[PDB]
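Reading through the C-alpha coordinates given below for one structure.
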Amino acid sequence: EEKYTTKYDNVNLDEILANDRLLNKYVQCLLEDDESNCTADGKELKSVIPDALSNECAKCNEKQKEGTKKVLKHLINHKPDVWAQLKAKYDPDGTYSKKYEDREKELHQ
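Shown next, in the form of C-alpha coordinates:
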(Lines of atoms letter the chains of each structure in order from A and count residues from 1; the text may use other names and numbers.)
(Lines give C-alpha, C1' and ligand atoms only; values in the text may rest on other atoms or scores of the structure.)
Protein backbone atom coordinates (compact mmCIF):
# COMPACT_ATOMS: atom_id res chain seq x y z
CA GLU A 1 0.00 0.00 0.00
CA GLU A 2 1.21 3.56 -0.85
CA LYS A 3 1.61 6.35 1.82
CA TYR A 4 1.33 10.18 1.84
CA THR A 5 1.63 13.30 4.13
CA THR A 6 -0.60 13.74 7.25
CA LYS A 7 -3.22 16.27 5.95
CA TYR A 8 -7.05 16.15 5.59
CA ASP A 9 -9.17 19.37 5.17
CA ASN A 10 -6.85 21.54 7.39
CA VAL A 11 -6.06 18.93 10.08
CA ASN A 12 -2.63 17.46 11.00
CA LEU A 13 -1.13 15.44 13.92
CA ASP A 14 0.06 18.72 15.56
CA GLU A 15 -3.65 19.60 16.15
CA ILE A 16 -4.53 16.02 17.42
CA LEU A 17 -2.35 16.21 20.59
CA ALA A 18 -2.95 20.00 20.97
CA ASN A 19 -6.78 19.59 20.71
CA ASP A 20 -8.05 17.11 23.35
CA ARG A 21 -11.58 17.59 21.82
CA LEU A 22 -10.23 15.67 18.76
CA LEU A 23 -8.12 13.31 20.92
CA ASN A 24 -11.10 12.09 23.09
CA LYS A 25 -12.92 10.87 19.89
CA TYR A 26 -9.75 9.09 18.64
CA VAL A 27 -9.33 7.22 22.02
CA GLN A 28 -13.07 6.33 22.32
CA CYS A 29 -12.34 3.92 19.41
CA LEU A 30 -10.73 1.41 21.88
CA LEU A 31 -11.94 2.75 25.32
CA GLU A 32 -15.72 2.13 24.75
CA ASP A 33 -17.64 -1.17 24.21
CA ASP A 34 -18.27 0.02 20.55
CA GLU A 35 -16.04 1.27 17.65
CA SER A 36 -18.40 3.56 15.62
CA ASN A 37 -16.26 6.46 17.03
CA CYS A 38 -13.07 5.54 15.04
CA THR A 39 -12.25 8.59 12.79
CA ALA A 40 -10.88 8.37 9.19
CA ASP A 41 -7.28 9.05 10.40
CA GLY A 42 -7.99 7.91 14.04
CA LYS A 43 -8.62 4.24 13.03
CA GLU A 44 -5.23 4.16 11.22
CA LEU A 45 -3.36 6.02 14.05
CA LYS A 46 -4.74 3.64 16.78
CA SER A 47 -3.98 0.57 14.55
CA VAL A 48 -0.24 1.48 14.24
CA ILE A 49 0.11 2.47 17.98
CA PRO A 50 0.43 -1.27 19.01
CA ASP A 51 2.79 -1.89 16.00
CA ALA A 52 5.26 0.51 17.74
CA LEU A 53 5.25 -2.20 20.52
CA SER A 54 4.96 -5.38 18.33
CA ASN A 55 7.70 -4.51 15.76
CA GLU A 56 8.89 -0.93 16.74
CA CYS A 57 6.84 0.38 13.73
CA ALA A 58 9.45 -1.18 11.32
CA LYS A 59 6.73 -1.75 8.61
CA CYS A 60 5.61 1.93 8.85
CA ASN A 61 6.17 5.14 6.89
CA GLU A 62 8.31 7.85 8.62
CA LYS A 63 5.21 9.99 9.46
CA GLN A 64 3.72 7.15 11.57
CA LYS A 65 7.18 6.15 13.03
CA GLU A 66 7.69 9.69 14.44
CA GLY A 67 3.93 10.40 14.87
CA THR A 68 2.69 7.60 17.19
CA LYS A 69 5.99 7.84 19.20
CA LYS A 70 5.47 11.61 19.90
CA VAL A 71 1.66 11.21 20.38
CA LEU A 72 2.17 8.41 22.97
CA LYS A 73 4.13 10.85 25.23
CA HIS A 74 1.50 13.64 25.03
CA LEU A 75 -1.41 11.15 25.54
CA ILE A 76 0.14 9.70 28.76
CA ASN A 77 0.73 13.31 30.05
CA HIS A 78 -2.64 14.89 28.94
CA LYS A 79 -5.06 11.88 29.05
CA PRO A 80 -3.53 9.86 31.99
CA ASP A 81 -6.95 8.37 33.03
CA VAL A 82 -7.72 7.13 29.44
CA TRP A 83 -4.07 6.11 28.75
CA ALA A 84 -4.39 3.51 31.58
CA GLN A 85 -7.18 1.87 29.42
CA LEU A 86 -4.92 1.86 26.28
CA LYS A 87 -1.88 0.25 28.03
CA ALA A 88 -4.10 -2.30 29.87
CA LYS A 89 -5.49 -3.73 26.56
CA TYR A 90 -2.21 -3.12 24.64
CA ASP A 91 0.28 -4.32 27.35
CA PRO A 92 -1.45 -6.62 29.97
CA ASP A 93 1.94 -7.29 31.76
CA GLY A 94 3.34 -3.67 31.65
CA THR A 95 6.50 -5.07 29.90
CA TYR A 96 7.05 -2.06 27.53
CA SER A 97 4.32 0.61 28.21
CA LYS A 98 6.07 1.30 31.58
CA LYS A 99 9.25 2.52 29.68
CA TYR A 100 7.67 6.01 29.15
CA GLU A 101 4.63 5.90 31.53
CA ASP A 102 7.33 6.43 34.26
CA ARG A 103 7.50 10.14 33.15
CA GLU A 104 4.16 10.66 35.06
CA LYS A 105 3.39 7.27 36.82
CA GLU A 106 -0.26 8.25 37.55
CA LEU A 107 -0.98 4.88 39.33
CA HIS A 108 -0.73 6.13 42.98
CA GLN A 109 0.77 3.60 45.48
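In the authors' numbering, the protein residues as written are 1 to 109.
All residues carry an ideal CB built from backbone N, CA and C; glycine is no exception.
To the nearest angstrom, report how far apart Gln28 and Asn37 are at their CA atoms. Each residue's Cα considered, the two are about 6 Å apart.
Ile49 by DSSP, collapsed to three states: which one? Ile49: coil per DSSP, three-state reduction.
In the region 8-32, which residue ranges form an unbroken alpha helix (DSSP H) of at least 4 residues, counting only runs that do not cross its ends? For the region 8-32, the continuous alpha helix (DSSP H) assignments of 4+ residues that do not extend past its boundaries occur at 13-18 and 20-31, in sequence order.
The alpha helix (DSSP H) enclosing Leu72, as first and last residue numbers: Segment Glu62 to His78, the alpha helix (DSSP H) holding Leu72.
Outcome for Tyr26 when other beta-carbon atoms lying within 10 angstroms are tallied against a minimum of 16: Buried, since its Cβ has 16 or more Cβ neighbours within 10 Å.
Can you tell me where the alpha helix (DSSP H) holding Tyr100 begins and where it ends? Per DSSP, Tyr100 belongs to the alpha helix (DSSP H) from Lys98 to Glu101.
Who are the near neighbours of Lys89 in its chain, counting only those whose CB is closer than 8 Å to its CB and skipping five residues on each side? Leaving aside the five residues that flank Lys89 on each side, the residues in its chain whose CB is nearer than 8 Å to its CB run, in chain order, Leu30.
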